[PDB]
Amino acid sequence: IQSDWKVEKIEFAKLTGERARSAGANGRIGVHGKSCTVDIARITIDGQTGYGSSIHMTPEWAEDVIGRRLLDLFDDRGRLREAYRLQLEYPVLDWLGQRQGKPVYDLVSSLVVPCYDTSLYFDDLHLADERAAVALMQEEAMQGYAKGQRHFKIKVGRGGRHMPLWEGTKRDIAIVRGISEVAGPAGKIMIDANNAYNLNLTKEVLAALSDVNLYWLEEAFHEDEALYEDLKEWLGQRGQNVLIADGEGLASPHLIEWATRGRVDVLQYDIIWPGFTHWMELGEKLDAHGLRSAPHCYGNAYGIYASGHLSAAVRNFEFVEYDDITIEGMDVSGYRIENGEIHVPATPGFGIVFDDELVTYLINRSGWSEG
């Protein structure tokens, strides 16, 4: 990177699409829907462009950044400075890989990465018949299986808000078993309560699912060291191997410490916020402790492909959280799902080919430009 290279232009557009199947409610909130959008920035440095997720960026913010040198955005250690990450880390890393003919997984390290189908929401809430609910949710897993998914995360916590407490929990249990039989003994099964349980409700559910191949338990309740210590001990005594997964949203400031003390196994900070640069630094610390990395990704299709590249820099990388989404102007065909794995194309940047012309249109129409 020459001191000659500088931020010449920054453009912003919101891209829109849909996920393949509408997502229902989860433990804590209502229907998530089918409509999807991705905020993107196009950065121009040395007459060449880079593309990527961009959040927390205003026209007035990019205004102040035009003219600065690329080198000045990096550490005296080689890390994009906290001040630029959420706004530009993806457009910048994509630029570097284009200019260098390298995929980003190279710059940071064929790439094949485990992935799970995260789309199994409360899609059964209109059905009173527990059997029909199971058949509905099984058929949803199937759709995912047919597209090459082998591992599934199932939303649970129906009884927390959206259904009567005990009836909902019975329904949870029935849905998980019923999906376990679609996945087969080799399919990994995760469950996510979105905090809708408490410790004893959790224990009851876990005990009812002794048969099932439960890979991890995600957000049973808001992270609490005392509660997770108890839960880990209870699982061990029963010889029940289920990983404890947490970390998305407004996480406890002490979550990682708790994990270093064996209370949490899987950390799940979001792939966009705190993001890619953060995750590389984090993945190193967690690797050192033998802890596992599984970045949260939902509501942002771009994060899916970011996660994939990320894995090359993280030894203990668990899964790419997958949602099947088509974003107009964002060609992700370089990627393919096969037997529970996503194959990351070995092309420059993040291997996504944006429709330059459509993007220019959306910038003009509903976005903005500085430079």
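For clarity, a rigid core is taken as the largest C-alpha set superposing within 1.5 Å between two forms. For every residue, the number given is its place in the sequence shown, counted from 1.
- In 4 other deposited structures of this protein, superposed on the rigid core, the segment with the larger root-mean-square CA displacement between 71 to 79 and 217 to 225 is 71 to 79.
- A chain break between residue 109 and residue 110 is present, corresponding to 4 to 9 residues of the deposited sequence without coordinates.
- Look at the mean CA B-factor for 208 to 216 and for 148 to 156 in the entry; the higher one is 208 to 216.
- With 159 to 167 and 274 to 282 compared on mean CA B-factor from the PDB entry, the stretch scoring higher is 274 to 282.
- Listed residues 54, 26, 37, 316 were ranked by CA B-factor as deposited; 316 comes out on top.
- Residues shown: 295, 249, 253, 236. Highest C-alpha temperature factor in the entry: 236.
- When the modelled residues of the chain are ordered by C-alpha B-factor, residue 344 sits in the highest third.
- The PDB entry assigns residue 258 a C-alpha temperature factor belonging to the middle third of its chain's modelled residues.
- Among all modelled residues in this chain, the alpha-carbon of residue 78 has a temperature factor (C-alpha) in the highest third.
- In the PDB entry, residue 46 places in the highest third of its chain by CA B-factor.
- Among the modelled residues of the chain, residue 59 sits in the middle third by CA temperature factor in this PDB entry.
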